[PDB]
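Undergrad: Have a look at the structure that comes next, please.
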Amino acid sequence: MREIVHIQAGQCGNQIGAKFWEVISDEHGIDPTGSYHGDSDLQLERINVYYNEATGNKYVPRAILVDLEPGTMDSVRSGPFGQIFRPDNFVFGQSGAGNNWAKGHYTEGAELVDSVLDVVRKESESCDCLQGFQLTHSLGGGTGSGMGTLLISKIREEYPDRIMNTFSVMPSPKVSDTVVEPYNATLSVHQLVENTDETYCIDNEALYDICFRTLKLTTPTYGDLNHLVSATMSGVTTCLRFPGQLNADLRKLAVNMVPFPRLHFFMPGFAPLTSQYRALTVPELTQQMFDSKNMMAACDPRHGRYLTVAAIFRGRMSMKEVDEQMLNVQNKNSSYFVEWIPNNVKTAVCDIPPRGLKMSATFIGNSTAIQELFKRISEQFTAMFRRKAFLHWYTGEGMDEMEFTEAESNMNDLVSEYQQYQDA
Amino acid sequence: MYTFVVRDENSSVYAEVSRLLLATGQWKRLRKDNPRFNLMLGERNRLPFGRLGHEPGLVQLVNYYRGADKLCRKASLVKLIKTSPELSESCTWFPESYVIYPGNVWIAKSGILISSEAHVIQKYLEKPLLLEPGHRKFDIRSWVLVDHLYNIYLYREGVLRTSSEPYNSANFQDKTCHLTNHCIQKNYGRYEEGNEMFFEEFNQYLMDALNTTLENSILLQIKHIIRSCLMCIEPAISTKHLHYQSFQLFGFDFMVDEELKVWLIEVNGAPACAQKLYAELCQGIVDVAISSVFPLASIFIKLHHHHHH
Amino acid sequence: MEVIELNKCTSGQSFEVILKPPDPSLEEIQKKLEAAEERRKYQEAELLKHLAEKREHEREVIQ
Amino acid sequence: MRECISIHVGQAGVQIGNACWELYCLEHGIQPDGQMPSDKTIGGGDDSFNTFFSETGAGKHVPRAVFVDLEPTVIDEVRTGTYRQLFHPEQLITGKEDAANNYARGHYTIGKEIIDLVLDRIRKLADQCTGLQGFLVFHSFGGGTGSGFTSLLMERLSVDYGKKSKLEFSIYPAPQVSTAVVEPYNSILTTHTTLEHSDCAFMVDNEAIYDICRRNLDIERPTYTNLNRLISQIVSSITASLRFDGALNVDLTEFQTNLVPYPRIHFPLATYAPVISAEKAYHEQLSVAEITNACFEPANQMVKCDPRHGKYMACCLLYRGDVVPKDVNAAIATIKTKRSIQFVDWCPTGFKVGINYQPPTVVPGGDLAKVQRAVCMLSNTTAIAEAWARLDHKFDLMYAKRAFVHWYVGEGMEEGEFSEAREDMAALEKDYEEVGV
Ligand SMILES: Nc1nc2c(ncn2[C@@H]2O[C@H](COP(=O)(O)OP(=O)(O)OP(=O)(O)O)[C@@H](O)[C@H]2O)c(=O)[nH]1
Ligand SMILES: Nc1ncnc2c1ncn2[C@@H]1O[C@H](COP(=O)(O)OP(=O)(O)CP(=O)(O)O)[C@@H](O)[C@H]1O
Ligand SMILES: Nc1nc2c(ncn2[C@@H]2O[C@H](COP(=O)(O)OP(=O)(O)O)[C@@H](O)[C@H]2O)c(=O)[nH]1
Ligand SMILES: CC(C)(C)c1nc[nH]c1/C=c1\[nH]c(=O)/c(=C/c2cc(F)ccc2F)[nH]c1=O
Ligand SMILES: [Ca+2]
Ligand SMILES: [Ca+2]
Ligand SMILES: [Mg+2]
Ligand SMILES: [Mg+2]
C-alpha cells in the first residue's frame with residue numbers, strides 16, 4: 001500500500017487542490033514542468049505516493065481534475081504549476097452546475113461521471129499497490145458537492161476495499177456565494193456519512209475568522225483562505241510523503257482514528273498560522289495547535305470531547321520535549337479526552353519542515369464538538385426548508401421533497417450520535 | 001496544577017484531605033475512573049495497585065501501602081509476630097495470642113467472648129490501669145503516618161478512648177466496663193467529653209496520681225512498638241525504587257496495665273481521627289505525605305534509632 | 001541448604017539449590033476461517049445491493 | 001542434538017529476530033557471509049549451535065529462521081542489510097497489504113491467503129531436521145500481523161506438528177512507543193487463541209525496556225533499535241542453554257518442566273542485570289551478589305510488577321561470565337533473609353542455576369558496555385498477572401462502548417469472539433489469584 005489517487009472536483013476543489021500540488025511539489029523538489037531538482041534523497045523515497053514516473057525522469061501527479069464547466073480548469077492549466085498535470089486527466093463538461101446539487105449528482109454530472117471514472121481506472125490500473133483515494137471539493141456548490149459525492153459513491157462500488165478520504169470545505173454565510181449552500185451541504189453530508197473513511201471538515205467561517213481576527217487581514221480573498229488549507233493539507237499528508245520509521249498507510253491510520261464508522265469528521269488545525277522570523281518553541285506549537293483559534297472547523301473543542309487526536313510535528317526538535325508537552329495538555333485537561341479510549345492522543349515528528357517555517361505542527365482531531373458544525377448547517381437548512389424555499393431549483397431537476405426530509409433526518413441523527421458519546 | 005481521585009466515600013479523614021487539597025488552587029479533582037492522576041485516594045478493599053505507576057509522564061502516589069493488611073488484620077498480625085524474629089513469639093509488648101479457625105481469662109475476636117470456657121484467642125489483661133476518680137478502663141489511640149521514603153511520623157496528639165463504668169473482675173458478660181470502644185458506650189460523657197481524654201490532661205493525671213509523665217511511662221514504649229512493627233514489614237511493603245509510590249495513615253490501639261506496661265492490641269489500616277484533631281492531622285498528611293512528593297508554590301515526631309551492635 | 005545435581009563442562013556448569021521442600025483439527029480451522037469469509041461476502045453483497053438501489057433512484061430522478 | 005526453528009511474525013517479531021540473529025552470530029563467531037572459521041566439520045554437524053544453524057557444503061551457516069510479515073518494507077531491510085547473505089530468500093516471506101493494526105484482518109482475511117505458503121516454507125526447514133524439537137515464535141501483542149497471523153500460525157503448527165514444543169517471545173504493548181490505539185483488543189484476542197497452543201511464553205513489556213534504556217543507558221528517547229538490542233541480550237540469555245554445551249535447559253521441553261507446572265500459567269517473568277552504558281567512563285564492575293540481588297528489583301524486570309505480593313512456582317538463574325557455584329549460593333543465602341520470596345506450598349523453595357563462563361557478547365558500537373558477569377533470572381511468579389489486569393481493564397473501557405469493533409466485524413469476525421476471548425482472560429486472572437493468594 002503506497003499509491004494514492006487524488007481527485008479535485010468543482011471550483012473550490014480545483015483551487016485548494018491546485019495549491020496542494022503547488023506546496024507538495026516544492027517540498028518534493030519538483031519544478032513546474034515536472035523535473036526533479038532537489039538535494040535530499042528523502043524527497044524521492046516515497047514520491048510514488050503522489051506521483052507517477054514518466055519518460056525523461058519526469059514526475060506526473062496522480063491527479064484527476066473534474067468540473068462541469070471549463071472556467072476553473074482553464075485557470076488551473078494557466079496557473080503556476082498547471083503544466084505538471086497529465087492532460088488526459090482534465091475531464092470537464094460545459095453547461096456548469098449552477099450551485100445545484102441535483103445537477104451535480106443526478107442530471108448534468110451523471111452525463112460526465114463515467115468519463116471521470118475511466119481516468120480513475122486508468123490511473124488505478126498502473127498502480128503497484130493502491131492504498132486509497134482523496135477528493136478535494138466544497139459541499140456548498142453544485143459540482144464538487146453533487147458530482148463529488150456521486151463520484152465517491154461510484155468509486156466505492158468499483159473499489160469497495162480502498163480507503164476514501166475527503167477534504168471538504170463547508171459553507172458559511174460569512175463566506176457565501178448562494179443562499180442554497182445549506183441545502184447542498186446537508187445532501188452531501190448524508191453521502192459522506194455513508195461513503196468516506198475520513199472527512200477533513202474545513203469550515204470557511206473558521207478560515208475567514210483566522211484570516212480576519214488572528215492574522216490581521218481586513219479583506220480576505222479565497223487565496224488567503226486557500227493558503228491555510230494547503231498548509232494543512234501538506235500537514236495531514238506528511239507522514240505518508242516522508243519516513244521516519246512510521247509504518248502506516250491510510251487504513252492503519254483510519255483504524256486508529258475512527259472508533260465508530262459514521263463519526264469520521266475531523267477538526268483540522270495548524271501552528272503557526274501564516275500569511276516568520278522567530279521560530280516557535282515546542283510548548284507554543286502544542287498550545288497553539290490545541291487552541292480553538294487555530295481550528296479549521298468553527299467548533300469549540302471545550303464544548304465536546306476528543307475521541308482521538310493525532311498531532312504531527314515538522315522540523316528539528318527534541319522528541320523528549322514533544323512527548324513532555326503533549327503529555328502536559330492531556331494531564332492538565334483530561335476531562336476533554338474520553339477516558340474510555342485509553343491513550344487516544346498519538347504523535348509523530350518529521351525532520352523536514354515545510355516552506356518558510358522552521359518548525360510547524362498539524363492537528364487532526366476527532367472531537368464530538370464537530371456536532372456544532374452540523375447543527376449550524378441543519379439550522380440554516382430548516383429556516384429555508386420549513387417554507388420549502390428555493391426548492392423549485394431542485395424539484396425541476398427531478399428531486400422529491402422526501403429526499404430533503406431524509407437528508408435532514410440523517411444529519412440530525414449524526415448530531416444525536418455525537419451527543420451520545422459526549423455524555424458517556 | 002496536580003490531579004487526584006477519590007475512591008473512598010466513607011473515609012472521614014480523606015474527605016477532609018480532599019477538601020484541603022481543592023481549597024488551594026493547585027489541585028484538581030477528577031472522576032473516580034480517570035487514569036490520569038497524580039494522587040489516588042483509594043478504596044479499602046480491592047485497591048488496584050497493578051494499575052498504578054503505568055501512566056507516562058505522571059508521578060503517581062497512593063494513600064495505601066500494598067501488603068499493609070498483614071499488620072491490620074488480627075489473624076495475620078498474630079502470625080506475623082510469631083514468625084518474624086524482629087518481633088518474636090517471646091515478644092514482651094504483645095498479648096499471648098493463638099489462631100484456631102471457625103489468672104486464665106482470655107478474649108476472642110475478629111460478638112466478643114470473655115470467659116474461661118468458650119478468629120484469634122488472646123490473653124486478656126485482667127489487671128489494667130484504671131483512671132480515678134472512676135476506677136475505669138481505657139485504650140490509647142496514636143495516629144502514625146508513613147510517607148513514601150518510609151519516614152515513620154508519630155502525630156503528637158493521641159486520645160484515650162475511656163470506659164465510664166467501674167471495671168469488674170467477676171462480671172464478664174457486662175460489656176460496657178470491659179470493652180472501651182467509642183460506639184459501644186454511645187454514663188456516656190460523665191468525666192470527659194464523649195469518653196475522650198487528650199494527652200495534656202493524661203500527662204497531668206499521671207504527674208498528680210503516679211508522679212511520672214506520659215513521655216516516660218507510656219509513650220517511649222508506644223514509639224518502640226510503632227517503630228518495631230513498621231520496620232519489620234518495611235522490606236515487604238516499601239515503595240522505594242518502585243514505579244508508583246505509597247503512603248498511609250495508621251491507627252495504633254494500646255493498653256496500659258497497672259504496672260505501667262504498654263500492650264499492642266490492634267493496628268488500624270483505614271483509621272478515623274478524633275473530632276477535634278481532624279483539622280491539624282489532615283493538614284499534616286498534606287504537608288508531609290503529599291506536598292513532599294508534589295511541591296506547592298512540626299506536628300509529628302519522627303521515629304528513628306540506630307543503636308550500634 | 002543442599003547443592004544437588006551439579007554437572008560441569010569446559011564451557012560452564014549448572015546445579016540446583018533447594019532452600020526448603022514443599023486443540024481443534026484441520027477441519028475445524030479451515031471451517032471457521034471460511035465462515036468469516038461468508039460473513040465478509042454477505043456484507044459486501046449487502047453493500048452492492050444497497051448501492052444498486054442508489055443506482056435505480058439515480059435513474060428515477062433523471063427520468 | 002535436536003533442531004529449533006525460530007519464527008518471526010510481524011514488524012516487532014522481524015526486527016527482534018534481526019537483533020537476535022546478529023547477536024547469535026557474534027556469540028558463535030559466525031560472520032555476515034555465514035562462514036564460521038572455528039567450525040571444523042564442513043557440510044554438517046550435531047553440535048549445540050547446530051540446533052539453531054544448519055550447514056551447506058560451501059561452509060555457510062544458515063539460521064533455522066522464517067520471517068513472516070504481511071507487508072514488504074520491514075523484511076526488505078533484512079534482504080538488503082548486513083546479514084542479507086545469511087538467509088535464503090525462501091525463508092523471508094512477505095505479502096503486499098498489512099493487517100492495519102487489526103487482529104481480524106491478520107487472522108481471518110489476509111491470514112487465510114498466506115497461511116498455507118508459510119506452513120510450506122516451515123516444512124522445507126523441518127525436513128532438514130534430523131530430530132525437530134519445536135518452535136521459538138517472536139511477535140507483538142499489538143500489531144495486526146503480530147496478533148492475528150501469529151494465532152492462526154500457532155493453531156496450524158499444533159495440527160501439523162502435534163509432538164513438538166512451542167515457545168513465545170511476546171512484546172506486550174506500551175503507549176509510549178506505540179501509535180496503535182487498538183492494541184488492548186489485539187493483545188487479548190491473540191492471547192485467547194494462542195493460549196492452549198503455547199508451551200512457555202516470555203513477555204516483554206516495551207514500557208519496562210524503554211525505562212531501562214532511559215535510566216541505565218542514559219538514552220533520552222529510546223528508539224526500537226535501542227530496545228531491540230537490549231531484548232536480544234535477554235533472548236540470547238534464555239536461548240544460550242540450547243545453543244551451548246550445558247546440562248540445564250538443554251531442550252524446549254525442559255523449559256516447560258522447569259518453569260511451567262500449571263500449563264495455562266506459562267508466562268515466566270524475566271529479570272536481567274546488569275544493564276550498563278558504554279558511554280559511561282568509569283564503571284565499577286558488579287559482583288555475583290549485586291547482580292543476583294538486582295534480579296529481585298522491579299526496575300530490572302521485563303514487565304513491571306511486584307513479586308513480593310505474589311508467589312513463585314519456579315525460579316531459574318542463568319549466569320554469563322566469571323561466576324562460580326559457591327558465590328551464587330552465598331548470594332542466594334544473603335538475599336533469602338533480606339527479601340520477600342514466598343513460594344507456593346506444592347513447589348520446592350529453590351533455584352535452578354545455569355552458568356556459562358563466556359561473558360555477554362555486545363554488539364560493536366552498541367549501547368551496552370562489556371561486563372565481567374551478568375545474569376538473567378527466569379521466575380514464574382503470580383505477580384505478572386498485574387500485566388493482564390491492566391490490559392483487561394483497557395479492553396473493558398473500550399469494549400463497553402463497542403469502540404473500534406466495527407473494523408474487526410467488517411473483516412468477517414463476530415462480536416461474540418470479543419467477550420469469548422475476554423472471559424478466557426477473566427478465567428486466566430482468576431487462575432493466577434487462586435495460585436497466588
Ligand atoms: N520492542 C519492539 N516493539 C515493536 C517493534 N516494532 C513494533 N513494536 C511494537 O509492536 C506494536 C505494533 O505492532 P507491529 O509489530 O508494528 O505490527 P505488525 O505485526 O507489523 O502488524 P500490522 O502493522 O497490523 O501488519 C507496538 O506496541 C509497537 O511498539 C520493535 O522493533 N521492537
Ligand atoms: N488482651 C486484652 N486485654 C484487655 N483488653 C482488651 C484485650 N483485647 C482487647 N481488649 C479491649 O477490647 C476493646 C476492643 O478490642 P480490639 O481493640 O481488639 O478490637 P477493635 O476493632 O474494637 C479496635 P478498633 O475498631 O479501634 O480498631 C479495646 O478497647 C480493648 O480495651
Ligand atoms: N475555502 C474556499 N472556499 C471556496 C473557494 N471557492 C468556492 N468556495 C466555497 O465553495 C462554495 C461554492 O462552491 P463551488 O466550488 O464554487 O461550486 P462548484 O464549482 O460547482 O463545486 C461556497 O460555499 C464558497 O464559499 C475557495 O477557493 N476556497
Ligand atoms: C501521528 C500518527 C501516528 C501519524 C497518526 N496516528 C493516527 N493518525 C495519525 C496521523 C494521520 N492520520 C490520518 O488519518 C491522516 C489522513 C491522511 C493521510 C494522508 F497521508 C493522506 C490523506 C489523508 F486523509 N493523516 C495523518 O497524518
Ligand atoms: Ca445534456
Ligand atoms: Ca559442523
Ligand atoms: Mg463558484
Ligand atoms: Mg506491519
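Labels for the C-alpha cells follow display order: chains A, B, ..., residues from 1 in each chain, ligands from 1.
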Residues within 12 Å of ligand 8, counting only C-alpha atoms and all ligand atoms: report them as a VMD selection string.
TA: (chain A and resid 1 245 to 249 251 to 252) or (chain D and resid 8 to 15 68 to 75 94 to 103 105 to 106 139 to 149 180)
Undergrad: List the neighbours of range 70-80 of chain B out to 7 Å using only C-alpha atoms; skip same-chain residues closer than 5 positions along the sequence, and give me the result as a list in words.
TA: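 Final neighbour list, sorted by chain and number: residues 97, 99, 110, 119, 120, 266, 267, 268 and 269 of chain B.
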Undergrad: Write out as a count of residues only each polymer residue whose atoms come within 12 Å of range 222-224 of chain D, counting only C-alpha atoms; drop sequence neighbours fewer than 6 positions from it.
TA: 32
Undergrad: Neighbours of ligand 6 at 7 Å or closer, counting only C-alpha atoms and all ligand atoms: which residues, as a PyMOL selection string?
TA: chain D and resi 39-47
Undergrad: Would you pick out the contacts of residue 198 in chain B at 8 Å or less, using only C-alpha atoms, so that residues sharing its chain but fewer than 6 positions from it are not included, and give the list as an mmCIF file with N, CA and C atoms, in the first residue's frame?
TA:
data_model
loop_
_atom_site.group_PDB
_atom_site.id
_atom_site.type_symbol
_atom_site.label_atom_id
_atom_site.label_comp_id
_atom_site.auth_asym_id
_atom_site.auth_seq_id
_atom_site.Cartn_x
_atom_site.Cartn_y
_atom_site.Cartn_z
ATOM 1 N N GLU B 157 -0.589 14.422 69.079
ATOM 2 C CA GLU B 157 -1.869 14.313 69.789
ATOM 3 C C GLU B 157 -2.509 12.946 69.570
ATOM 4 N N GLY B 158 -2.650 12.178 70.648
ATOM 5 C CA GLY B 158 -3.428 10.939 70.643
ATOM 6 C C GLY B 158 -4.695 11.158 71.446
ATOM 7 N N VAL B 159 -5.304 10.063 71.899
ATOM 8 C CA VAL B 159 -6.514 10.128 72.726
ATOM 9 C C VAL B 159 -6.763 8.820 73.482
ATOM 10 N N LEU B 160 -7.255 8.941 74.712
ATOM 11 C CA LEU B 160 -7.730 7.789 75.473
ATOM 12 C C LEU B 160 -9.223 7.614 75.205
#
Undergrad: Pick out the residues sitting within 10 Å of residue 11 in chain C, and hand them over as a PyMOL selection string; count only C-alpha atoms, and ignore anything fewer than 3 positions along from it in its own chain.
TA: (chain C and resi 8) or (chain D and resi 244-246+355-358)
Undergrad: Based on the selection just made, write C-alpha atoms of those residues as a compact mmCIF listing (two decimals), in the first residue's frame.
TA:
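Full text of selection.txt as output:
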# COMPACT_ATOMS: atom_id res chain seq x y z
CA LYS C 8 30.29 -29.46 34.99
CA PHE D 244 25.93 -24.03 24.05
CA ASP D 245 27.22 -27.10 25.94
CA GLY D 246 25.41 -27.44 29.28
CA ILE D 355 26.37 -20.89 34.30
CA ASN D 356 28.24 -20.24 31.06
CA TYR D 357 31.76 -18.84 31.58
CA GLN D 358 31.76 -16.82 28.31
Undergrad: Could you list the residues in chain A lying within 10 Å of chain D, using only C-alpha atoms, and format the result as a JSON list (two decimals) with C-alpha atoms, in the first residue's frame?
TA:
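Below you can see out_4.json, which holds the result:
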[["chain", "number", "residue", "atom", "x", "y", "z"],
["A", 1, "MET", "CA", 0.00, 0.00, 0.00],
["A", 2, "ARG", "CA", 1.74, 3.13, -1.35],
["A", 128, "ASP", "CA", 1.56, -1.35, -7.81],
["A", 129, "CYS", "CA", -0.45, -1.18, -4.55],
["A", 130, "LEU", "CA", -3.21, 1.44, -4.42],
["A", 131, "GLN", "CA", -3.93, 2.47, -0.79],
["A", 245, "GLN", "CA", 10.11, 4.84, 10.75],
["A", 246, "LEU", "CA", 6.28, 5.35, 10.71],
["A", 247, "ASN", "CA", 4.92, 2.13, 9.22],
["A", 248, "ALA", "CA", 1.47, 3.46, 8.39],
["A", 249, "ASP", "CA", -0.94, 3.53, 5.44],
["A", 250, "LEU", "CA", -4.37, 5.17, 5.12],
["A", 251, "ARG", "CA", -6.11, 2.07, 6.55],
["A", 252, "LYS", "CA", -3.84, 1.76, 9.61],
["A", 253, "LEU", "CA", -4.40, 5.48, 10.27],
["A", 254, "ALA", "CA", -8.16, 5.19, 9.69],
["A", 255, "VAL", "CA", -8.35, 2.15, 12.04],
["A", 256, "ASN", "CA", -6.71, 4.20, 14.83],
["A", 257, "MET", "CA", -8.75, 7.41, 14.34],
["A", 258, "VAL", "CA", -12.31, 6.19, 13.64],
["A", 259, "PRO", "CA", -13.86, 4.35, 16.64],
["A", 260, "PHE", "CA", -17.35, 4.50, 15.12],
["A", 261, "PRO", "CA", -17.95, 4.29, 11.36],
["A", 307, "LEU", "CA", -12.35, 10.57, 20.70],
["A", 308, "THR", "CA", -8.91, 10.56, 19.12],
["A", 310, "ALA", "CA", -3.32, 12.91, 16.04],
["A", 318, "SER", "CA", 13.52, 17.28, 20.79],
["A", 319, "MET", "CA", 11.15, 14.29, 20.70],
["A", 320, "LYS", "CA", 11.54, 14.33, 24.52],
["A", 321, "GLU", "CA", 10.21, 17.92, 24.61],
["A", 323, "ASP", "CA", 6.38, 13.89, 24.46],
["A", 339, "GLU", "CA", -11.47, 8.10, 29.32],
["A", 340, "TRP", "CA", -12.96, 5.03, 27.59],
["A", 341, "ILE", "CA", -10.34, 5.11, 24.78],
["A", 342, "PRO", "CA", -7.00, 4.82, 26.67],
["A", 343, "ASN", "CA", -4.04, 6.65, 25.16],
["A", 344, "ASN", "CA", -6.07, 8.37, 22.43],
["A", 345, "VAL", "CA", -3.59, 11.18, 21.61],
["A", 346, "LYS", "CA", -0.76, 9.96, 19.35],
["A", 347, "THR", "CA", 2.15, 11.90, 17.84],
["A", 348, "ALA", "CA", 4.79, 11.87, 15.12],
["A", 421, "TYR", "CA", -20.54, 9.87, 23.19],
["A", 424, "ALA", "CA", -20.77, 8.85, 28.14]]
Undergrad: Could you give me the residues within range 87-228 of chain D that DSSP places in strand (DSSP E or B), as a list in words?
TA: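 Going through range 87-228 of chain D, the strand (DSSP E or B) residues come out as residues 92, 93, 94, 134, 135, 136, 137, 138, 139, 140, 165, 166, 167, 168, 169, 170, 171, 172, 200, 201, 202, 203, 204 and 205 of chain D.
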Undergrad: I need the chosen residues saved as a JSON list (two decimals), in the first residue's frame, with N, CA and C atoms.
TA:
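result_16.json written:
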[["chain", "number", "residue", "atom", "x", "y", "z"],
["D", 92, "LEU", "N", 12.40, -15.74, 3.89],
["D", 92, "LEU", "CA", 11.84, -14.40, 4.04],
["D", 92, "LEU", "C", 10.53, -14.27, 3.24],
["D", 93, "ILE", "N", 9.39, -14.33, 3.93],
["D", 93, "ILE", "CA", 8.06, -14.30, 3.30],
["D", 93, "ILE", "C", 7.40, -12.94, 3.54],
["D", 94, "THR", "N", 6.85, -12.34, 2.48],
["D", 94, "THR", "CA", 6.14, -11.05, 2.57],
["D", 94, "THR", "C", 4.89, -10.98, 1.69],
["D", 134, "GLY", "N", 10.77, -28.21, 18.09],
["D", 134, "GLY", "CA", 9.69, -27.25, 18.13],
["D", 134, "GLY", "C", 10.14, -25.86, 17.71],
["D", 135, "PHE", "N", 9.41, -24.85, 18.19],
["D", 135, "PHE", "CA", 9.49, -23.50, 17.62],
["D", 135, "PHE", "C", 9.63, -22.37, 18.66],
["D", 136, "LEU", "N", 10.43, -21.36, 18.30],
["D", 136, "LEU", "CA", 10.51, -20.09, 19.04],
["D", 136, "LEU", "C", 9.81, -19.00, 18.22],
["D", 137, "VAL", "N", 8.60, -18.59, 18.63],
["D", 137, "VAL", "CA", 7.79, -17.61, 17.88],
["D", 137, "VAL", "C", 7.91, -16.19, 18.45],
["D", 138, "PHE", "N", 8.39, -15.26, 17.64],
["D", 138, "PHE", "CA", 8.62, -13.86, 18.02],
["D", 138, "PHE", "C", 7.55, -12.96, 17.39],
["D", 139, "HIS", "N", 6.86, -12.15, 18.19],
["D", 139, "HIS", "CA", 5.80, -11.27, 17.68],
["D", 139, "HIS", "C", 5.35, -10.19, 18.68],
["D", 140, "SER", "N", 4.59, -9.21, 18.20],
["D", 140, "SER", "CA", 3.95, -8.21, 19.06],
["D", 140, "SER", "C", 2.54, -8.62, 19.42],
["D", 165, "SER", "N", 7.27, -28.82, 20.75],
["D", 165, "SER", "CA", 7.03, -27.71, 21.68],
["D", 165, "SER", "C", 6.91, -26.37, 20.93],
["D", 166, "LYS", "N", 6.29, -25.39, 21.58],
["D", 166, "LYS", "CA", 6.16, -24.04, 21.00],
["D", 166, "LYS", "C", 6.37, -22.98, 22.07],
["D", 167, "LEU", "N", 7.39, -22.15, 21.88],
["D", 167, "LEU", "CA", 7.73, -21.07, 22.80],
["D", 167, "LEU", "C", 7.43, -19.70, 22.17],
["D", 168, "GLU", "N", 6.90, -18.79, 22.97],
["D", 168, "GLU", "CA", 6.58, -17.43, 22.53],
["D", 168, "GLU", "C", 7.56, -16.41, 23.11],
["D", 169, "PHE", "N", 8.02, -15.50, 22.25],
["D", 169, "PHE", "CA", 8.64, -14.25, 22.69],
["D", 169, "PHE", "C", 7.71, -13.12, 22.26],
["D", 170, "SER", "N", 6.99, -12.57, 23.24],
["D", 170, "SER", "CA", 5.85, -11.69, 23.01],
["D", 170, "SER", "C", 6.18, -10.28, 23.48],
["D", 171, "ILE", "N", 5.84, -9.28, 22.67],
["D", 171, "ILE", "CA", 6.05, -7.88, 23.03],
["D", 171, "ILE", "C", 4.71, -7.27, 23.44],
["D", 172, "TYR", "N", 4.54, -7.10, 24.75],
["D", 172, "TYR", "CA", 3.32, -6.56, 25.36],
["D", 172, "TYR", "C", 3.31, -5.05, 25.17],
["D", 200, "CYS", "N", 5.44, -22.32, 26.62],
["D", 200, "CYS", "CA", 6.05, -21.33, 27.52],
["D", 200, "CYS", "C", 6.14, -19.99, 26.77],
["D", 201, "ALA", "N", 5.73, -18.89, 27.40],
["D", 201, "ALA", "CA", 5.72, -17.58, 26.74],
["D", 201, "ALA", "C", 6.47, -16.52, 27.54],
["D", 202, "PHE", "N", 7.48, -15.91, 26.93],
["D", 202, "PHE", "CA", 8.25, -14.85, 27.58],
["D", 202, "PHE", "C", 7.75, -13.47, 27.14],
["D", 203, "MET", "N", 7.04, -12.79, 28.04],
["D", 203, "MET", "CA", 6.51, -11.45, 27.76],
["D", 203, "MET", "C", 7.55, -10.38, 28.06],
["D", 204, "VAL", "N", 7.58, -9.37, 27.21],
["D", 204, "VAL", "CA", 8.49, -8.24, 27.34],
["D", 204, "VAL", "C", 7.66, -6.97, 27.15],
["D", 205, "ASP", "N", 7.42, -6.26, 28.25],
["D", 205, "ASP", "CA", 6.64, -5.03, 28.23],
["D", 205, "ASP", "C", 7.54, -3.92, 27.74]]
Undergrad: Kindly work out which residues sit at most 9 Å from ligand 3, using only C-alpha atoms and all ligand atoms, and give the list as an MDAnalysis selection string.
TA: chainID A and resid 9:16 67:69 72 96:101 104 137:148 169:178 181:182 185 202:205 207:208 221:226 228:229
Undergrad: Show me, as a PyMOL selection string, the residues that have an atom within 10 Å of residue 36 in chain C when counting only C-alpha atoms, minus same-chain residues fewer than 4 positions from it.
TA: (chain C and resi 31-32+40-42) or (chain D and resi 104+108-109+409-414)
Undergrad: Can you check which residues of chain D have any atom within 10 Å of chain C? Use only C-alpha atoms and format it as a ChimeraX atom specification.
TA: /D:104,107-109,111-112,152,155-156,158-160,162,196-197,244-249,316-326,328-329,332-333,336,343-358,409-414
Undergrad: Tell me, as a PyMOL selection string, which residues lie within 10 Å of range 369-380 of chain A, counting only C-alpha atoms; anything in the same chain fewer than 3 positions away does not count.
TA: chain A and resi 170-173+179-186+189+201+203+263+265-267+297-306+365-366+383-385+407-409+411-412+414-419+422
Undergrad: With only C-alpha atoms considered, list every residue of chain C at most 12 Å from chain A, as a VMD selection string.
TA: chain C and resid 40 to 41 43 to 63
Undergrad: Ligand 2: which residues are within 7 Å, counting only C-alpha atoms and all ligand atoms? Reply as a ChimeraX atom specification.
TA: /B:95,107,109,122-126,138-139,178-181,253,255,265-268
Undergrad: Output C-alpha atoms for every residue in the selection just made, as a tab-separated table (two decimals), in the first residue's frame.
TA:
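Okay, this is what ended up in result29.tsv:
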chain	number	residue	atom	x	y	z
B	95	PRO	CA	-0.56	-10.24	74.49
B	107	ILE	CA	-10.60	-12.82	74.87
B	109	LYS	CA	-12.33	-11.61	68.43
B	122	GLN	CA	-5.84	-13.64	73.18
B	123	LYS	CA	-4.61	-13.31	76.79
B	124	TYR	CA	-6.98	-10.86	78.46
B	125	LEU	CA	-5.33	-8.21	80.66
B	126	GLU	CA	-7.04	-8.96	83.99
B	138	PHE	CA	-9.24	2.95	78.69
B	139	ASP	CA	-7.33	2.42	75.42
B	178	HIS	CA	-14.52	-4.40	79.73
B	179	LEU	CA	-14.76	-3.06	76.11
B	180	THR	CA	-13.71	0.61	75.78
B	181	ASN	CA	-14.79	1.35	72.18
B	253	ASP	CA	-4.50	0.84	69.67
B	255	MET	CA	-3.46	-0.70	76.62
B	265	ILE	CA	-3.96	-4.55	70.73
B	266	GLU	CA	-4.63	-3.74	67.05
B	267	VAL	CA	-3.16	-1.77	64.12
B	268	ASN	CA	-5.85	0.01	62.05
Undergrad: Check every residue of chain B for an atom within 7 Å of chain D, counting only C-alpha atoms, and provide those that qualify as a list in words.
TA: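 Listed by rising number, the hits are residues 50, 51, 56, 235, 236 and 242 of chain B.
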Undergrad: Write the selection just made, keeping C-alpha atoms, as a short mmCIF file (atom, residue, chain, number, x, y, z; two decimals), in the first residue's frame?
TA:
data_model
loop_
_atom_site.label_atom_id
_atom_site.label_comp_id
_atom_site.auth_asym_id
_atom_site.auth_seq_id
_atom_site.Cartn_x
_atom_site.Cartn_y
_atom_site.Cartn_z
CA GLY B 50 -1.33 -3.12 39.48
CA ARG B 51 -2.77 -0.17 37.51
CA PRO B 56 3.55 8.03 31.02
CA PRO B 235 11.02 -4.80 53.07
CA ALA B 236 7.64 -6.37 52.18
CA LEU B 242 9.13 1.21 42.74
#
Undergrad: Pick from D:416, D:263, D:37, D:173: nearest to ligand 1, with only C-alpha atoms and all ligand atoms counted?
TA: D:173
Undergrad: With a distance threshold of 7 Å and counting only C-alpha atoms, extract the residues of chain B near chain A and express them as a PyMOL selection string.
TA: chain B and resi 34+36+57
Undergrad: Residues of range 81-279 of chain B in alpha helix (DSSP H) according to DSSP, as a ChimeraX atom specification?
TA: /B:81-83,175-178,182-185,199-205,214,220-237,278-279
Undergrad: For a test of reading the model, state the distance in Å between CA of residue 363 in chain A and atom 1 (N, counted along the ligand's line) of ligand 1, rounded to one decimal.
TA: 27.5 Å
